[PDB]
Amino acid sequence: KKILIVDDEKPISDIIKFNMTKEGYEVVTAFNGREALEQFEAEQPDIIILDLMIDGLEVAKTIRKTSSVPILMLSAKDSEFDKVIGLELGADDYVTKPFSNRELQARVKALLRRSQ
């Protein structure tokens, strides 16, 4: 399976990339909203992890216009408002930073199970 990691911070992109690779996923990366949409269209990932630091919300909105691909939002923002609007804009899950590497793996697995 193929995971698109959309993160504008290289250190954390690198950790998630390393951990998903170790799990056997093919990883593609994007570091802004434009690259996120370009990579989504060209690579047709099975799941998207979305951690941009309002741009993330538009990315997810735009993807949902044409695709049901699972989106796992990842964010340092952990308020009720933040989680609710991420989910309403089309996120399938929302996970806060800092996160457990094992939990992130488990949640990616759960999402992929649920979308085939």
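Residue numbers here begin at 1 and follow the sequence given. Rigid core: the largest C-alpha set superposing within 1.5 Å between the two forms.
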Checklist entry - Do the Cα atoms of 44-52 stray more than those of 66-74 in 8 other deposited structures of this protein, or is it the other way round, with the core held fixed? => result 44-52
Checklist entry - What size is the break between residue 53 and residue 54 in terms of deposited sequence residues left without coordinates: none, 1 to 3, 4 to 9, or 10 or more? => result 1 to 3
Checklist entry - Which is higher in the entry, the mean Cα B factor of 27-35 or that of 54-62? => result 54-62
Item to check | Residue range whose averaged C-alpha B-factor is higher in the record, 37-45 or 85-93 | outcome: 85-93
Checklist outcome for this item: residue 108: CA B-factor among chain residues, third -> lowest
Item to check | residue 114 CA temperature factor, ranked by third within the chain | outcome: highest
